[PDB]
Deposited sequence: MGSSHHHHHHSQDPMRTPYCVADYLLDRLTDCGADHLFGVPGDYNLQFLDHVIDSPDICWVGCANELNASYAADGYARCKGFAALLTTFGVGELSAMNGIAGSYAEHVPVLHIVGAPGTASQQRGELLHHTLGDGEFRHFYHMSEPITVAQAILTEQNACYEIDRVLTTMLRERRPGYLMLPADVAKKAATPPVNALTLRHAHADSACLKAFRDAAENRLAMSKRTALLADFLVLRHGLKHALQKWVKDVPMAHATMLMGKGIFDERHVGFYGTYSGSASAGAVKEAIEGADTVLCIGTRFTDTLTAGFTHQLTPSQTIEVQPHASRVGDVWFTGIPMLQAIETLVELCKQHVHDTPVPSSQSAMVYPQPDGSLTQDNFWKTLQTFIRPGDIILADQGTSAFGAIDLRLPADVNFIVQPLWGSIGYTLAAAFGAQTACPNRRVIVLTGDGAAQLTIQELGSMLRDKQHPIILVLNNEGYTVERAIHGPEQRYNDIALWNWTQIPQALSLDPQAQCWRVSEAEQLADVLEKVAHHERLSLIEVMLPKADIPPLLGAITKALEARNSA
C-alpha cells in the first residue's frame, strides 16, 4: 500500500482539524474508503443518507472548525447539495469529496450508472459551483496542489469546498508532506489599516455611549475568545443576534439579552439601538435575525467589521482582515470606552411555550452543546440565558428543518464528552429521522427534546393555520429508538406537565444513555419572538 493521492488528501484533512469523515459509500469511492478505514488519524462515520451526512458534517465543523463529507458520483453528491448550500450560506467549512468514475471511463463518455445517460461527467461539478468557494477536478497532473488550494481557500473564507476524486487518480503515487497545511495570516497594508484606525478613533472619541454587537462570523473565524476578552477588558453593553448566540457568557455584566430588532426585549433595544455608536462585528442583518428588518441602526451610528473589509459610517475600508480590524477596535475601545454598565435585571401545570423555556433555562450548564431547529424551537431558544462555554448551534439564515437532528449527530461525534441537547419540532425531526439510528449504533447519549404540537405551527402562525398542509403524519416518538435499533441504549419519556419535564431533565442530567423526551405542547402556542416575526411581513 504505497502512499498515494488518497493518503495525501486524508493527511491534509487532519491538518485542517478534521478527525472524522462523514458520508455514504458507493462503488466509485470504495477504494478511497479503504484508505479512510486504514488511516490511524481519520475515522469513517457512515450515515443513513447523504443529506443527513452533510448536515452532520456541518454540525461537526461548528464544533471543530472544519469538516469533510464523502459521497459517490451523482446520486450521492446531489443528495447532499442542500447541506453544502446551508454550509455556504452560514459560512461553515465543510469539504465535499465526491468519488467519481475513473478518468478513462469519463473520457470515453460511457453510459455509466449515476449519470444522466449523456456521456457527460461534469454536470454535477458545475452545479456545485455557486455553493462552494473553491472546487477542483483532481487529475494525476494536479492532484496535490489542487487539494492544497481548495482547502486553503476554505480555511480563509470559512466556507465549503468541492473535490471530484476519480478512482484512478486516488491511487496515483504521492509524497507525504513534511509540514502541516496552515493558512498564513494575512496582513493589511499598514497605511490601509491606519486609515480605518483613524476613522474608527475619530468616531469613538466622540461617542458618549458605545455598544458591541457580535455575531456568527466571529464564531466561524475562530474569534470567540477575542470578543469575550474584549468585553471583559472593556466593560460595555454587548449582545449577539440569534446566529451568533453563544459568543458571550450571557450572565456577564453588560449583557441584557439577544438582539432581534423590534422583537428585542426593552433593555436590549436601549442597550444596542440606544447607543450613539454600535460596533457590528461579523454581523449579517437577516430577516429572521431582525424581526423582518425592523432593526433601528443607521450607517453613521455604526462601525462594522466583515472578513475582508470594515466600514466606519459611510466609508468602507477594503483589504483589512477581520482579525486586525478587531484588534484595532479593542485598543480604541480600551482608550475611549470607560463605562460601568448597569447590571442586568418551580414552574408547574400544563406545558406551555413559556414554562417550557423557563424549565430548560434552569437545566442548561456550561459545556452544553445546544442545537435548535427552525420553528418554535429556535425562536424560543433565543430567550435562553446561556452560561459560559456553550456551543449554541442554530441555522436561521439557510433555515432547513431537519438540519438540527442530523447536525446533533455530527456535533456529538466531534465532542463525545460534552452534553448535547437537541431542540427539534415534531415536523423537523421527520425529515432526518434515520440519523437517530446512527446515534444509537454509535452509542451516543444526546438529550433529544421533540416539541410535539402535532403539525407545522410556525407556518400556522404565518398562514393557513387550519389548512391541511400544515398537518403531518403523527408519529409514536417514544417508540422510534426501539425501531431503529435492535438494542438501543436509550430511555424515552412523554411529558405534558412542567414539573414532569423538570423531573425528567433532572434524571438525564448526566446523560448516561440517549434520552428522547416527547414534549406535549399546544397546537397554536408560539414563543414571543415568533409573534413579532409572524407579524413582520404582509404589507
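A.B. asks: Against the full deposited sequence, which stretches does the structure leave out?
C.D. replies: Missing CA coords at 1 to 16, 362 to 368, 563 to 566.
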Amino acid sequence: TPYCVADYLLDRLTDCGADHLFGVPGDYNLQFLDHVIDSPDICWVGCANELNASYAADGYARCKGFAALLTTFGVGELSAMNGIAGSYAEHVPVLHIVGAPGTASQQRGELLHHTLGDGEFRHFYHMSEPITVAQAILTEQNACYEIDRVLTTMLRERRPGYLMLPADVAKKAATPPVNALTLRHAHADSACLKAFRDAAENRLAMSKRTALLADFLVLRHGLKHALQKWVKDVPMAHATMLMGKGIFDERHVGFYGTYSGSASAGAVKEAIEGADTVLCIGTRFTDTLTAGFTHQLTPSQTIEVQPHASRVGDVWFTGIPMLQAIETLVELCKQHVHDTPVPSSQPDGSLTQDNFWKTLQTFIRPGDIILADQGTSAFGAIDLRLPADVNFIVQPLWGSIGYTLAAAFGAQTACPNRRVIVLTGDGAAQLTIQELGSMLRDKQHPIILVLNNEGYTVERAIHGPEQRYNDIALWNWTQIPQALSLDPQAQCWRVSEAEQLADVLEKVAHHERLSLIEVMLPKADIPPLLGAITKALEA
From here on, numbers count along this sequence of modelled residues.
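A.B. asks: With reference to the PDB entry, specify whether the mean Cα temperature factor is higher for 5 to 13 or for 525 to 533.
C.D. replies: Of 525 to 533 and 5 to 13, the stretch with the higher C-alpha B-factor average is 525 to 533.
A.B. asks: Can you let me know which of the two, 65 to 73 or 490 to 498, has the higher average C-alpha B-factor in the entry?
C.D. replies: For C-alpha atoms only, the mean B-factor is higher in 490 to 498.
A.B. asks: Looking at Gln412, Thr277, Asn202, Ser310, which has the highest Cα B-factor in the entry?
C.D. replies: In this record, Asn202 carries the highest C-alpha B-factor of the candidates.
A.B. asks: Going by the entry, which of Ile147, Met236, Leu332, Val218 has the most elevated CA B factor?
C.D. replies: Top of the list by C-alpha B-factor: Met236.
A.B. asks: Looking at the C-alpha B-factor of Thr432, is it in the lowest, middle or highest third of its chain?
C.D. replies: It belongs to the lowest third of the chain when residues are ordered by C-alpha B-factor.
A.B. asks: What third of its chain's C-alpha B-factors does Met206 belong to: lowest, middle or highest?
C.D. replies: Within its chain, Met206 is a highest-third residue by C-alpha B-factor, going by the deposited values.
A.B. asks: Per the entry's values, where does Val337 land by CA temperature factor relative to the rest of its chain, in the lowest, middle or highest third?
C.D. replies: Tercile = highest for this residue's CA B-factor.
A.B. asks: Quick check on the deposited entry: does the C-alpha B-factor of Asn470 sit in the lowest, middle or highest third of its chain?
C.D. replies: Tercile = highest for this residue's CA B-factor.
A.B. asks: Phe392's Cα B-factor: lowest, middle or highest third of the chain?
C.D. replies: As the PDB entry reports it, the C-alpha B-factor of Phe392 lands in the lowest third of its chain.
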